[PDB]
């Protein structure tokens, strides 16, 4: 089973406390529910792609701890290759500690942990799998040198690079743009990266063009309920792809659903137009918002309309 989608990126344990009020400095507050979830942008993306039918491989590092062992089982239960899922005793599995009130306001503390210890030696071991893939997906949740090396390796073998600059930082290494065949981010990330205000699809088109001029081949900005905007070196005029209105239950994880869907279409449906791929990816992400949670909300092929898988 040759993997067509390789994700080099993060696995994180989500530790979620639900409360009626958020704490201030020095305060202890009592909440009403705690749960553990599997997260991390890399793993989220990988899971969505796998559930659509992709043969995937997750290159990542977790701890030699209960959370790490559980994450490995999570990837296996989602039919993801863990050949290059490493474990280390030198850091805990990455964690996202999330406090959420009943209005959806939150405080989040991320400790990337073992994710940061995925190094270039670890990557090099995956060279053969990377070279045989169709798509390589990376984000900004591991150590930058490792993600840059992954993108470089993909480019050397002609593998399509899908980069999600999330979470965004203002002064991103220029190579992230120049190594990206497809660069996909949300409005708030676009603002951080470009310094422009993005309040509309037109505004997103202006931000996208800055990103394009930094060296990306294709730029997509997701707009939540307003769909997405795309432009490319060959077609630099922005195109707004809207999505039909749905009643959202929980929008958490929608961006990773979108990126994982796009990876699937890039790998398995390469002759579809970009606009068609984005229409389908918008639809799948909009399914995800109609269920609670992150990975638990990501739809399987069997539960989706047949027309999403016709060519």
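Throughout, rigid core stands for the largest set of C-alpha atoms superposing within 1.5 Å between the two forms. Numbering follows the first chain given and starts at 1.
Chemist: Which of the two stretches, 64-72 or 27-35, moves more in 8 other deposited structures of this protein when the core is held fixed, judged by C-alpha RMS distance?
Modeler: Relative to the shown form, the greater RMS C-alpha distance in 8 other deposited structures of this protein belongs to 27-35.
Chemist: Core-superposed in 8 other deposited structures of this protein, which stretch deviates more in Cα positions, 133-141 or 95-103?
Modeler: More C-alpha displacement in 8 other deposited structures of this protein shows up in 95-103.
Chemist: Taking the mean of the C-alpha B-factors per stretch from the entry, tell me the winner out of 258-266 and 24-32.
Modeler: Here the higher of the two C-alpha B-factor means belongs to 24-32.
Chemist: Comparing 248-256 with 267-275, which stretch shows the greater average C-alpha B-factor in the deposited entry?
Modeler: Per the PDB entry, the higher value belongs to 267-275.
Chemist: Among 162, 127, 211, 110, where is the Cα temperature factor highest, going by the PDB entry?
Modeler: By C-alpha B-factor in the record, 127 ranks first.
Chemist: Per the coordinate record, which of the options 242, 37, 63, 42 holds the highest CA temperature factor?
Modeler: So the option with the highest C-alpha B-factor is 242.
Chemist: Taking only the Cα B-factors deposited for this chain, tell me whether residue 237 sits in the lowest, middle or highest third.
Modeler: Ranked within chain, residue 237 CA B lands in the highest tercile.
Chemist: Looking at the temperature factor on the CA atom of residue 8, which third of the chain's modelled residues does it land in?
Modeler: Lowest third, going by the recorded CA B-factors of the chain.
Chemist: State the tercile, meaning the lowest, middle or highest third, of residue 154 with respect to the CA B-factors recorded for its chain.
Modeler: Residue 154: CA B-factor falls in the middle third of its chain.
Chemist: Among the modelled residues of its chain, does the C-alpha B-factor of residue 292 lie in the lowest, middle or highest third?
Modeler: Its C-alpha B-factor belongs to the highest third of this chain's values.
Chemist: Using the temperature factors of the C-alpha atoms in this entry, rank residue 169 within its chain: lowest, middle or highest third.
Modeler: It belongs to the highest third of the chain when residues are ordered by C-alpha B-factor.
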